[PDB]
Structures are given as structure tokens and as C-alpha cells.
Amino acid sequence: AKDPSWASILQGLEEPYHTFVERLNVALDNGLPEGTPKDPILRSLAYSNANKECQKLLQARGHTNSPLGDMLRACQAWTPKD
Amino acid sequence: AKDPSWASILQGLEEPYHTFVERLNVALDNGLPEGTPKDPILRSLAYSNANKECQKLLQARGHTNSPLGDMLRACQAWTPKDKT
């Protein structure tokens, strides 16, 4: 039983963080079973499967009423090398 | 949009990593809807909800066909500052 496709979505080393989060959001929207809450799974995977540089930025992210927004904001100044 | 309880399971600053992962495993067994694959979500939370010291150890973990085992092994020698 291979893992679902949404479990192997990894941020590219040159991929903008917001693009990765958008891809992951759609994969979970489409692939998580009915009645499974997407939001907390998205937030966890958007950290654990982010690239190494963005994981460091995410560890120091904010603590607001918009927890997904806090993750995007923490990486908003990050620039891929290429 | 109150998150489920399994999503607020956080490794204490003084909590052994294996005990934290077990608490995640139980919370998902009882909280995650029956039929949603637990293992990828357990592995994800075992990083995202881990304490900073164990997150650093996890950064150097291996890359095998046993990804949860890689996480457990990476933190298997970490001991909290207060053992009580």
C-alpha cells in the first residue's frame, strides 16, 4: 500500500514556499478522505515537508489568528538561489 | 475552526522523543478518522510538533525505507535536562 501522493509532496530546493503550499493544499483538498480536516494536516506538512532553509525560517514564525498566514509570512523574504 | 486535539500534541521541553511520538500515535489512533492513513501524518507531526532540540537532531536523520524509524533513531539518545 503505497502512501498517497499528498504524502510525498516536498518543497523543491528552488521552489518558492508559497507555490509549494498551494500545490500541497490542492493535493490534500483532492486526496484526503471525505470528512478529514485539511487545515491542521496542511499546516503540519507545510512545515515537515518544507525545504531545509524554509524549515529554519518557519521555526521562528509568528503566533497569530492566521496560522497558515504566519507560515507564508515567515518565508516571504526567502529567495531561491536559482 | 477549533483544531482537533491531535494537532496540539506538543513535545514538552523535558519530554523524551519516543514518549511524545507515542502520545501522537495514540491521539491519531483515536482522533484521525478511520481510513485516513496515519503514518504520513504521524511522521509529519513528529517533526512539526517536536521541540527545538529534537528538531535539530531530526535535521541530520537518515533517509531509509523506514522514515518513522529514522526519526526515532535520530532522537533515541536525547535526554531532557529535568528527568523527573
# chains A, B, ... in the order shown; residues from 1 in each chain; ligands from 1
$ select_by_dssp --residues "chain B" --states "alpha helix (DSSP H)" --output "number ranges by chain"
B: 17-31, 38-48, 52-59, 67-74
$ interface_residues --of "chain A" --to "chain B" --cutoff "8 Å" --atoms "only C-alpha atoms" --output "ChimeraX atom specification"
/A:3,7,32-33,35-36,40-41,44-45,47-49
$ atom_distance --atom1 "CA of residue 79 in chain A" --atom2 "CA of residue 13 in chain A"
10.5 Å
$ residues_around --residues "residue 46 in chain A" --least-positions-apart "5" --cutoff "8 Å" --atoms "only C-alpha atoms" --output "count of residues only"
3
$ residues_around --residues "range 60-76 of chain B" --least-positions-apart "3" --cutoff "7 Å" --atoms "only C-alpha atoms" --output "MDAnalysis selection string"
chainID B and resid 17:18 43 54 57
$ write_last_selection --atoms "C-alpha atoms" --output "PDB file, in the first residue's frame"
ATOM      1  CA  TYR B  17      11.017  11.996  21.999  1.00  0.00           C
ATOM      2  CA  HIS B  18       9.747   8.400  21.980  1.00  0.00           C
ATOM      3  CA  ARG B  43       5.690  11.371  10.716  1.00  0.00           C
ATOM      4  CA  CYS B  54      14.869  17.296  18.757  1.00  0.00           C
ATOM      5  CA  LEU B  57      18.607  16.163  15.724  1.00  0.00           C
TER       6      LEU B  57
END
$ closest_residue --among "A:63, A:73, A:25, A:51" --to "residue 37 in chain A" --atoms "only C-alpha atoms"
A:25
